[PDB]
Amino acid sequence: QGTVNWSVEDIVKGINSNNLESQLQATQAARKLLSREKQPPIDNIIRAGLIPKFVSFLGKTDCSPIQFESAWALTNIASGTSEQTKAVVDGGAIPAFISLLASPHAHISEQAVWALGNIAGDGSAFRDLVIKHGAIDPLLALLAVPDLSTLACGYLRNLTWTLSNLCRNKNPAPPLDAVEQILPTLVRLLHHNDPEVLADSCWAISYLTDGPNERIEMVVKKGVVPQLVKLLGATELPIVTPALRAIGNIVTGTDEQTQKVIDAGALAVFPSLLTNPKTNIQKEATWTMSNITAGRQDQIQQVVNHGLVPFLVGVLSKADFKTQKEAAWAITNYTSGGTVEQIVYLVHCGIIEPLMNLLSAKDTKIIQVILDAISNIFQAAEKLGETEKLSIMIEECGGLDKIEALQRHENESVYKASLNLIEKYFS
């Protein structure tokens, strides 16, 4: 392996030699430089004008090793910045890599899959350009087998990852017919036993559901919700994360779409999610809760039935502030859409004190959200003649002192809502 630690100059020398073997070893030397951890000299390789050469090498059917070496080299260049990815595309790599997907050498088709994943991963324009060149059909053909388990683990992982990049990004979202075409294969990958394939399949589904309800509907109608819910309960954090994101995405949609998440048993996992030691899981889970409490009354009722109100009190009592912010949103939504009975239950679970404590916060929006919530709870207290008991409760936990101080707040939505609450209930 005397292709170790070459200069760029020597690589250029060998590549310009018109000796295919000399080209092969110089290309391998480039692969090695480009596959090093510390500052691989991507720009120096680009400046030397090597990309068109590498691309031409992809087409050398008669010399498989150089196809492999250049595929690897181009992969690592395309993994760089957008400008570096663009240089690979500008050299015509896209159709060349797509032709390689049909190679008889698995390590070469795999390397093409990888490279296309890096190009598509750059953003929506390159994603859509890879689609226009017709990548999807030969990619899906690689997975047209009776049992995915007969495929090499690394190979299957690379294919899944690349497919997820075709599902990825917005402005614009991927073409509808593309998504339609990829979906049945994704649904199948979502049922595979490998933790990495599972994660990346979940990421893919998370991307597709990040948008307008019509995108969400395409996914929901495939029947993947129960499987997403199952994956929500996995032990592996890299599976739970994209599974939770996808579920969160779906409940931003219609009441009907939100009902399928509930019907699939999602709420039963929330006691763990809302107490998860990973901050981002707890925050995402609480956000999802807030969008569920923005649903119908019967859906608020299922939140109650699953014992999730005390978990919301817990999150409101102690959590990362951004999670507490989502919890406040969850409560205001609850108190806006809930019945009198459901609102009363909330107080009985102890919502008032941690609510009042967050009034000291240095964020204007959560103050607004909270003041709205207590306003809604008073409006429920009226229909019971028990507004007096609530005033005292709020006075006792030091809440009234907090609301008085808000009458002289910078913001105006704030100082009004405060004084408003004061003159109606505390006078």
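All residue numbers are counted from 1 along the displayed sequence.
As recorded in the PDB entry, 377-385 is the stretch of 377-385 and 28-36 with the greater mean C-alpha temperature factor. Annotation for 329-337 versus 152-160: the higher mean temperature factor (C-alpha) is found in 329-337.
Considering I66, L358, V55, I46 together, the PDB entry gives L358 the largest C-alpha B factor. Between the residues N305, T235, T275, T75, it is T235 that shows the highest Cα B-factor in the PDB record. Split the chain's modelled residues into thirds by C-alpha temperature factor. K283 is in the middle one. Residue-level temperature factors show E21 in the lowest third of its chain, judged at the C-alpha atom. The PDB entry assigns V240 a C-alpha temperature factor belonging to the middle third of its chain's modelled residues.
In the PDB entry, a CA B factor belonging to the lowest third of its chain's modelled residues is recorded for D122. Ranked by Cα temperature factor within the chain, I51 sits in the lowest third according to the deposited record.
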